Amino acid sequence: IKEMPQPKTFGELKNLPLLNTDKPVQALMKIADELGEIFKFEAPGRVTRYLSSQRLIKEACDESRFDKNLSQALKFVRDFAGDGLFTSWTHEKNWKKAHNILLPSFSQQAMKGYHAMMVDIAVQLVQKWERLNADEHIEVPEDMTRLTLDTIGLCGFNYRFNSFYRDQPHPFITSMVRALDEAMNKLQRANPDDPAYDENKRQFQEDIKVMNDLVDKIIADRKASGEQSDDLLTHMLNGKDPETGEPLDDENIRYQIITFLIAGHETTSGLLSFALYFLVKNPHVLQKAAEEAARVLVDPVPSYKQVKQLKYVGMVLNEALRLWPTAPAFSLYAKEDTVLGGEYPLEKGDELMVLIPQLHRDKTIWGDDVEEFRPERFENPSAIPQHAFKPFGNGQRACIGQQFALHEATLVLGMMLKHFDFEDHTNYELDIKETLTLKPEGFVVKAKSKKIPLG
Ligand SMILES: CC(C)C1=CC2=CC[C@@H]3[C@](C)(CCC[C@@]3(C)C(=O)N[C@@H](Cc3c[nH]c4ccccc34)C(=O)O)[C@H]2CC1
């Protein structure tokens with residue numbers, strides 16, 4: 001057996017102070033560089049092991065040996081996402097029921113139906129950019145977040161956040177962003193029962209209240225209406241689990257819509273923000289992506305068929321997902337006593353953190369140029385070893401939204417490369433802000449129209 005490495009210690013507090021930082025994933029990536037494919041992490045009441053190699057993670061991805069664990073991050077989000085699919089244990093009845101009912105709604109076939117609604121928000125973004133005055137710049141994450149939140153709103157619940165009509169975000173979103181921020185702040189908050197956080201707790205309960213009232217209202221209205229809008233809310237009110245014959249209740253539907261609205265905010269827009277960033281830093285890659293867009297997107301508004309044809313744009317999103325996965329870690333627990341890589345023995349209940357950005361830089365898999373933006377790496381999926389590329393997590397607890405997120409990102413990116421030339425006018429220096437997700441903070445561009453009509 002190997003004694004696995006541990007990073008620097010702080011007497012009683014062990015390693016806890018290393019997560020007392022505004023960029024913990026990046027801090028943890030630098031520790032991985034030093035310590036390698038596994039290190040232990042202790043804190044007063046807990047212990048976790050961080051994996052970085054395809055070698056160890058491919059075993060952790062064995063669902064017969066490891067199941068999804070709720071991280072302290074997920075337990076904190078659970079306070080408003082409840083037993084939604086994202087913050088439920090594999091063994092909760094509402095996980096499997098909601099999973100069986102919703103999978104058909106998130107299928108690559110179901111994308112045919114969402115396409116029109118997605119095109120409606122993508123067109124809103126293109127027109128915003130066509131209507132900019134000369135020398136006016138684009139705030140990339142902010143406009144990408146407008147598109148992604150509006151798209152999950154419209155396609156899911158037939159609800160228009162109308163993000164391209166406002167400076168200040170919708171009220172639901174104000175409360176959701178503040179709630180997610182409270183949840184992320186609680187991780188490194190020592191003495192959280194101190195009365196200084198009474199305004200945090202009071203505000204937290206209000207933000208929860210806002211989210212529940214607005215979503216429960218959406219759900220009440222829809223049932224009272226009787227309208228059969230082809231969308232997630234409809235599928236969830238009419239759906240029945242093949243296994244147990246039961247439908248989701250109204251409270252659990254709410255949790256799913258809250259989970260979807262979290263997922264489709266900065267988590268999804270992150271992918272577009274990192275993609276456009278990599279594209280403008282790598283002009284020969286942008287040029288090739290734009291040539292595909294122009295060749296494939298011959299109609300004034302793209303069809304579902306043409307999006308499937310944007311293969312190089314698909315490879316660009318995968319390569320952005322390799323370097324900066326916007327849900328950068330997920331937690332597993334050993335279902336039984338077991339041995340990882342023949343070296344490190346684990347007792348039943350032991351937790352693993354998978355460090356996805358570090359997996360994606362494993363040079364044994366990707367070779368020596370792992371820091372380079374080469375979409376060509378993804379030309380053949382059969383040449384890529386098992387469990388090498390995990391931006392969407394693993395097995396039955398993988399991202400149900402993967403097809404939706406990739407379809408919207410392919411459509412939108414395609415339309416952006418067809419309609420505009422891009423300028424990195426500030427020569428932007430990457431600064432990755434860490435919240436519940438990752439985003440290139442302050443990332444700005446200019447977009448010259450090619451003056452191609454949408455009509
Ligand atoms: C909501 C979803 C998308 C998220 C999942 C996450 C999982 C791992 C997280 C995360 C990336 C945020 C930063 C801490 C980190 C890396 C983590 O190890 N956290 C461990 C260990 C830990 C850190 N601080 C703690 C305080 C108490 C207990 C455990 C911890 C944990 O959350 O459990 C975080 C992002 C948000």
# chains A, B, ... in the order shown; residues from 1 in each chain; ligands from 1
>>> select_by_dssp(residues="segment 2-179 of chain A", states="alpha helix (DSSP H)", output="ChimeraX atom specification")
/A:24-35,54-60,72-81,93-102,110-130,140-157,171-179
>>> residues_near_ligand(ligand="ligand 1", cutoff="6 Å", atoms="only C-alpha atoms and all ligand atoms", output="mmCIF file with C-alpha atoms, in the first residue's frame")
data_model
loop_
_atom_site.group_PDB
_atom_site.id
_atom_site.type_symbol
_atom_site.label_atom_id
_atom_site.label_comp_id
_atom_site.auth_asym_id
_atom_site.auth_seq_id
_atom_site.Cartn_x
_atom_site.Cartn_y
_atom_site.Cartn_z
ATOM 1 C CA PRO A 24 -10.356 27.029 -4.682
ATOM 2 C CA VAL A 25 -10.534 24.845 -7.886
ATOM 3 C CA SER A 71 -20.579 17.436 -1.466
ATOM 4 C CA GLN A 72 -21.034 20.102 1.266
ATOM 5 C CA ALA A 73 -21.586 22.381 -1.798
ATOM 6 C CA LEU A 74 -24.586 20.239 -2.932
ATOM 7 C CA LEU A 187 -18.306 26.488 2.706
ATOM 8 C CA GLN A 188 -15.385 28.680 4.067
ATOM 9 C CA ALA A 327 -19.067 22.151 -13.251
ATOM 10 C CA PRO A 328 -15.429 21.394 -12.332
ATOM 11 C CA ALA A 329 -15.709 18.672 -9.604
ATOM 12 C CA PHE A 330 -18.052 15.913 -8.438
ATOM 13 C CA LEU A 436 -20.878 27.617 -8.153
#
>>> closest_residue(among="A:321, A:262, A:52, A:131", to="residue 449 of chain A", atoms="only C-alpha atoms")
A:131
>>> atom_distance(atom1="atom CA of residue 144 of chain A", atom2="atom CA of residue 269 of chain A")
5.0 Å
>>> residues_around(residues="residue 203 of chain A", least_positions_apart="4", cutoff="10 Å", atoms="only C-alpha atoms", output="list in words")
residues 175, 178, 179, 182, 197, 198, 199, 207, 208 and 209 of chain A
>>> select_by_dssp(residues="segment 249-435 of chain A", states="strand (DSSP E)", output="PyMOL selection string")
chain A and resi 329-334+338-340+344-346+351-355+420-423+432-434
>>> write_last_selection(atoms="C-alpha atoms", output="short mmCIF file (atom, residue, chain, number, x, y, z; two decimals), in the first residue's frame")
data_model
loop_
_atom_site.label_atom_id
_atom_site.label_comp_id
_atom_site.auth_asym_id
_atom_site.auth_seq_id
_atom_site.Cartn_x
_atom_site.Cartn_y
_atom_site.Cartn_z
CA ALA A 329 -15.71 18.67 -9.60
CA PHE A 330 -18.05 15.91 -8.44
CA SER A 331 -17.97 13.71 -5.32
CA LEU A 332 -18.23 9.86 -5.00
CA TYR A 333 -18.47 7.46 -1.97
CA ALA A 334 -17.14 3.87 -1.79
CA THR A 338 -12.24 -1.57 -1.75
CA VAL A 339 -8.69 -0.82 -3.06
CA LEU A 340 -8.08 2.00 -5.61
CA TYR A 344 -4.87 3.05 -1.52
CA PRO A 345 -7.38 1.01 0.53
CA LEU A 346 -10.80 2.68 1.17
CA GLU A 351 -15.30 10.10 -0.19
CA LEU A 352 -13.45 10.86 -3.48
CA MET A 353 -13.46 14.27 -5.24
CA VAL A 354 -12.81 14.05 -9.04
CA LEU A 355 -10.88 17.17 -10.22
CA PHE A 420 -19.85 38.41 -36.90
CA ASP A 421 -16.05 38.71 -37.12
CA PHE A 422 -14.62 39.00 -33.54
CA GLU A 423 -11.87 41.34 -32.13
CA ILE A 432 -11.36 32.77 -13.89
CA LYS A 433 -13.95 33.81 -11.28
CA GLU A 434 -15.09 30.82 -9.11
#
>>> residues_around(residues="residue 399 of chain A", least_positions_apart="6", cutoff="12 Å", atoms="only C-alpha atoms", output="CSV table (one decimal) with N, CA and C atoms, in the first residue's frame")
chain,number,residue,atom,x,y,z
A,85,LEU,N,-33.1,16.4,-9.1
A,85,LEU,CA,-32.2,15.3,-9.6
A,85,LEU,C,-30.7,15.6,-9.2
A,86,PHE,N,-30.3,16.8,-9.1
A,86,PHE,CA,-28.9,17.3,-8.9
A,86,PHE,C,-28.5,17.2,-7.5
A,99,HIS,N,-35.9,10.7,-12.6
A,99,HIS,CA,-34.9,10.3,-13.6
A,99,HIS,C,-35.6,9.5,-14.7
A,102,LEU,N,-38.1,12.0,-16.6
A,102,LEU,CA,-37.5,13.1,-17.4
A,102,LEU,C,-36.5,12.8,-18.5
A,103,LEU,N,-35.9,11.6,-18.5
A,103,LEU,CA,-34.9,11.2,-19.5
A,103,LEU,C,-35.5,11.3,-21.0
A,106,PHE,N,-35.1,14.9,-22.3
A,106,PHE,CA,-33.8,15.4,-22.4
A,106,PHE,C,-33.0,14.7,-23.4
A,107,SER,N,-33.7,13.8,-24.1
A,107,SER,CA,-33.1,12.9,-25.2
A,107,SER,C,-32.7,13.8,-26.4
A,259,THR,N,-33.7,23.6,-10.2
A,259,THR,CA,-32.4,22.9,-10.6
A,259,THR,C,-32.1,23.3,-12.0
A,260,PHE,N,-33.0,23.2,-12.9
A,260,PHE,CA,-32.8,23.5,-14.4
A,260,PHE,C,-32.4,25.0,-14.5
A,263,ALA,N,-28.9,25.3,-13.5
A,263,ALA,CA,-28.0,24.7,-14.4
A,263,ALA,C,-27.8,25.6,-15.7
A,264,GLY,N,-28.9,26.2,-16.1
A,264,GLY,CA,-28.9,26.9,-17.4
A,264,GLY,C,-28.5,28.4,-17.2
A,267,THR,N,-23.5,28.3,-15.3
A,267,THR,CA,-23.0,26.9,-15.7
A,267,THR,C,-23.0,26.7,-17.2
A,268,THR,N,-24.1,27.0,-17.9
A,268,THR,CA,-24.1,26.7,-19.3
A,268,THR,C,-23.5,27.9,-20.1
A,327,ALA,N,-18.8,22.8,-14.6
A,327,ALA,CA,-19.1,22.2,-13.3
A,327,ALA,C,-17.9,21.3,-12.8
A,330,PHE,N,-16.9,16.7,-9.0
A,330,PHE,CA,-18.1,15.9,-8.4
A,330,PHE,C,-17.5,14.9,-7.5
A,390,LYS,N,-14.7,13.8,-18.9
A,390,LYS,CA,-15.9,13.7,-18.0
A,390,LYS,C,-16.5,15.1,-17.7
A,391,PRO,N,-16.7,16.0,-18.6
A,391,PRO,CA,-17.3,17.3,-18.2
A,391,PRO,C,-18.7,17.2,-17.7
A,392,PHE,N,-19.4,16.1,-18.0
A,392,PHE,CA,-20.8,16.0,-17.6
A,392,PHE,C,-21.0,14.9,-16.5
A,393,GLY,N,-19.9,14.5,-15.8
A,393,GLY,CA,-19.9,13.6,-14.8
A,393,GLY,C,-20.0,12.1,-15.3
A,405,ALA,N,-27.8,21.3,-23.5
A,405,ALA,CA,-26.7,22.3,-23.3
A,405,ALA,C,-25.8,22.3,-24.6
A,406,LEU,N,-25.5,21.2,-25.1
A,406,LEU,CA,-24.6,21.1,-26.4
A,406,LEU,C,-25.4,21.6,-27.6
>>> closest_residue(among="A:90, A:9, A:168, A:100", to="residue 243 of chain A", atoms="only C-alpha atoms")
A:100
>>> residues_around(residues="segment 428-430 of chain A", least_positions_apart="2", cutoff="9 Å", atoms="only C-alpha atoms", output="number ranges by chain")
A: 277, 281, 424-426, 432, 440-445
>>> residues_around(residues="residue 232 of chain A", least_positions_apart="2", cutoff="7 Å", atoms="only C-alpha atoms", output="MDAnalysis selection string")
chainID A and resid 105 156:157 234:236
>>> write_last_selection(atoms="N, CA, C and O atoms", output="PDB file, in the first residue's frame")
ATOM      1  N   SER A 105     -37.451  13.539 -22.014  1.00  0.00           N
ATOM      2  CA  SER A 105     -37.596  15.005 -22.233  1.00  0.00           C
ATOM      3  C   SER A 105     -36.236  15.633 -22.546  1.00  0.00           C
ATOM      4  O   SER A 105     -36.202  16.765 -23.081  1.00  0.00           O
ATOM      5  N   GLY A 156     -38.304  25.130 -21.132  1.00  0.00           N
ATOM      6  CA  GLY A 156     -38.704  24.319 -19.978  1.00  0.00           C
ATOM      7  C   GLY A 156     -40.137  24.601 -19.575  1.00  0.00           C
ATOM      8  O   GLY A 156     -40.906  23.634 -19.458  1.00  0.00           O
ATOM      9  N   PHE A 157     -40.487  25.877 -19.379  1.00  0.00           N
ATOM     10  CA  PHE A 157     -41.710  26.300 -18.645  1.00  0.00           C
ATOM     11  C   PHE A 157     -42.492  27.343 -19.443  1.00  0.00           C
ATOM     12  O   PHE A 157     -43.443  27.888 -18.894  1.00  0.00           O
ATOM     13  N   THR A 234     -45.017  20.540 -18.677  1.00  0.00           N
ATOM     14  CA  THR A 234     -46.099  19.677 -19.242  1.00  0.00           C
ATOM     15  C   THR A 234     -45.742  18.196 -19.034  1.00  0.00           C
ATOM     16  O   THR A 234     -46.573  17.476 -18.444  1.00  0.00           O
ATOM     17  N   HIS A 235     -44.566  17.766 -19.504  1.00  0.00           N
ATOM     18  CA  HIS A 235     -44.051  16.376 -19.370  1.00  0.00           C
ATOM     19  C   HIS A 235     -44.052  15.962 -17.896  1.00  0.00           C
ATOM     20  O   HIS A 235     -44.253  14.768 -17.650  1.00  0.00           O
ATOM     21  N   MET A 236     -43.837  16.902 -16.967  1.00  0.00           N
ATOM     22  CA  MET A 236     -43.652  16.608 -15.520  1.00  0.00           C
ATOM     23  C   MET A 236     -45.013  16.527 -14.827  1.00  0.00           C
ATOM     24  O   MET A 236     -45.100  15.821 -13.798  1.00  0.00           O
TER      25      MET A 236
END
>>> residues_around(residues="residue 282 of chain A", least_positions_apart="2", cutoff="12 Å", atoms="only C-alpha atoms", output="ChimeraX atom specification")
/A:275-280,284-289,316,372-375,422-424
>>> write_last_selection(atoms="N, CA, C and O atoms", output="compact mmCIF listing (two decimals), in the first residue's frame")
# COMPACT_ATOMS: atom_id res chain seq x y z
N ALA A 275 -15.52 29.13 -24.72
CA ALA A 275 -15.37 28.79 -26.15
C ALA A 275 -14.97 30.03 -26.97
O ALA A 275 -13.94 29.98 -27.69
N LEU A 276 -15.74 31.12 -26.87
CA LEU A 276 -15.45 32.36 -27.63
C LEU A 276 -14.06 32.88 -27.21
O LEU A 276 -13.27 33.29 -28.09
N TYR A 277 -13.74 32.86 -25.93
CA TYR A 277 -12.39 33.21 -25.43
C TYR A 277 -11.32 32.37 -26.17
O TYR A 277 -10.40 32.94 -26.78
N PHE A 278 -11.39 31.05 -26.08
CA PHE A 278 -10.40 30.19 -26.77
C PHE A 278 -10.39 30.53 -28.26
O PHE A 278 -9.28 30.67 -28.82
N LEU A 279 -11.56 30.78 -28.88
CA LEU A 279 -11.63 31.07 -30.34
C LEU A 279 -10.84 32.34 -30.70
O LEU A 279 -10.13 32.30 -31.70
N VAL A 280 -10.99 33.43 -29.96
CA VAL A 280 -10.33 34.73 -30.30
C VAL A 280 -8.84 34.70 -29.90
O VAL A 280 -8.10 35.55 -30.39
N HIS A 284 -6.58 30.76 -36.08
CA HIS A 284 -6.68 29.69 -37.12
C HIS A 284 -7.83 28.75 -36.74
O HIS A 284 -8.46 28.19 -37.64
N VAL A 285 -8.10 28.59 -35.45
CA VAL A 285 -9.23 27.74 -34.98
C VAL A 285 -10.54 28.50 -35.24
O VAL A 285 -11.50 27.87 -35.72
N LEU A 286 -10.58 29.80 -34.97
CA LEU A 286 -11.79 30.63 -35.21
C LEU A 286 -12.15 30.59 -36.69
O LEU A 286 -13.35 30.39 -37.00
N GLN A 287 -11.13 30.78 -37.55
CA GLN A 287 -11.24 30.85 -39.03
C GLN A 287 -11.92 29.57 -39.53
O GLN A 287 -12.89 29.68 -40.28
N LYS A 288 -11.44 28.42 -39.06
CA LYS A 288 -11.93 27.07 -39.46
C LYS A 288 -13.36 26.91 -38.94
O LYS A 288 -14.20 26.41 -39.69
N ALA A 289 -13.63 27.32 -37.70
CA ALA A 289 -15.00 27.27 -37.12
C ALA A 289 -15.94 28.16 -37.95
O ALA A 289 -17.06 27.70 -38.25
N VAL A 316 -15.09 22.24 -31.02
CA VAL A 316 -14.66 23.47 -30.28
C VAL A 316 -15.27 23.45 -28.87
O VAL A 316 -14.52 23.69 -27.92
N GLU A 372 -2.81 23.38 -24.89
CA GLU A 372 -3.06 23.95 -26.23
C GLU A 372 -4.53 23.70 -26.60
O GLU A 372 -5.06 22.64 -26.21
N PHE A 373 -5.13 24.66 -27.31
CA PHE A 373 -6.52 24.60 -27.82
C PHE A 373 -6.51 23.94 -29.20
O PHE A 373 -6.31 24.66 -30.21
N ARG A 374 -6.69 22.62 -29.23
CA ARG A 374 -6.70 21.77 -30.45
C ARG A 374 -8.01 21.00 -30.48
O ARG A 374 -8.09 19.89 -29.95
N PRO A 375 -9.08 21.56 -31.06
CA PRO A 375 -10.33 20.83 -31.23
C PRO A 375 -10.14 19.50 -31.99
O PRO A 375 -10.96 18.61 -31.87
N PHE A 422 -14.88 38.66 -34.96
CA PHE A 422 -14.62 39.00 -33.54
C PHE A 422 -13.23 39.65 -33.39
O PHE A 422 -12.31 39.30 -34.12
N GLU A 423 -13.12 40.62 -32.49
CA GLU A 423 -11.87 41.34 -32.13
C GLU A 423 -11.65 41.25 -30.61
O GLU A 423 -12.55 41.71 -29.84
N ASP A 424 -10.49 40.72 -30.18
CA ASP A 424 -10.04 40.70 -28.75
C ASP A 424 -9.39 42.06 -28.46
O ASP A 424 -8.18 42.12 -28.16
>>> closest_residue(among="A:137, A:8, A:348, A:322", to="residue 362 of chain A", atoms="only C-alpha atoms")
A:322
>>> closest_residue(among="A:357, A:171, A:349, A:17", to="residue 325 of chain A", atoms="only C-alpha atoms")
A:357
>>> closest_residue(among="A:231, A:241, A:59, A:408", to="residue 147 of chain A", atoms="only C-alpha atoms")
A:408
>>> closest_residue(among="A:307, A:101, A:28, A:70", to="residue 295 of chain A", atoms="only C-alpha atoms")
A:307
>>> atom_distance(atom1="atom CA of residue 164 of chain A", atom2="atom CA of residue 146 of chain A")
6.4 Å
